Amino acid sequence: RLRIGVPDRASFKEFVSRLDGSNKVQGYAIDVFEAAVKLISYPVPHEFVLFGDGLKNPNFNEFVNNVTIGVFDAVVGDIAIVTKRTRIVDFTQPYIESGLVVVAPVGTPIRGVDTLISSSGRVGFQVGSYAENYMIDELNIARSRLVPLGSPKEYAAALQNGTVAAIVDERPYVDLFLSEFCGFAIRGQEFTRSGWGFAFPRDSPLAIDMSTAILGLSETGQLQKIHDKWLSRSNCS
């Protein structure tokens, strides 16, 4: 029986979240995982364990580290495949493209990651995201400029009342945000490229077998249909 960690997301619950009146889980990443398990040649008995304080998204670096220390046999969620995590776990091949973008109010001076860096303005990020350490370590954005944000309603409010000048987050969250809230746009293109995967212990054969199962979902069209089930774009209006 695999003890599978699942993030107890406080927002963008479409990706993965607690089933409201229980300890059960649901979402895009859960449906991908359960669909993929059906295509594995051998049994993968499992149970899901929620991770997080229940008030804000968990820290995904700490979440993934729970596989390294044996608390979880695997983690399933909207987990970016970023270099420092691949040191301590084996990921599947990605099941969705993702990377960091800048989002700002339509008509902003900010044109992309370069004008964000040279700006004085505060920058929002999603609490628990690898974006926080990427901005501090790789882009050398002052920690004093970063504001944690919890939800798309908070993104819209922080951009509109000038708590932040811009938000850096991964494309899939930004796509849901822009489907709900008017007046904002992606500035520039992705400046990272790391999809989402599931994570297993170093040298786990399941990381490879689950890659083949994810590919099988892609080739049958199930993977696109699971995205359409949870993440269908719409008019902010």
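One rule holds for the numbers: they count along the sequence shown, beginning at 1.
Checked against the record, the higher mean CA B factor of 225-233 and 6-14 lies with 225-233.
Averaged over their C-alpha atoms, the temperature factors of 117-125 and 96-104 are higher for 117-125. When the C-alpha B-factors of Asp209, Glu34, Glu190, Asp169 are ranked from the entry, the top spot goes to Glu190. You'll see in the entry that, of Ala199, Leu39, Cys182, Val44, the Cα B factor peaks at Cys182. In this PDB entry, the Cα temperature factor of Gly52 sits in the middle third of its chain's modelled residues. Among the modelled residues of the chain, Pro152 sits in the middle third by CA temperature factor in this PDB entry. Placement of the Cα temperature factor of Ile69 within the chain: highest third of the modelled residues, per the deposited record.
When all modelled residues of the chain are sorted by CA temperature factor, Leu139 is found within the highest third. Sort the chain's modelled residues by C-alpha temperature factor and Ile110 lands in the highest third, per the entry.
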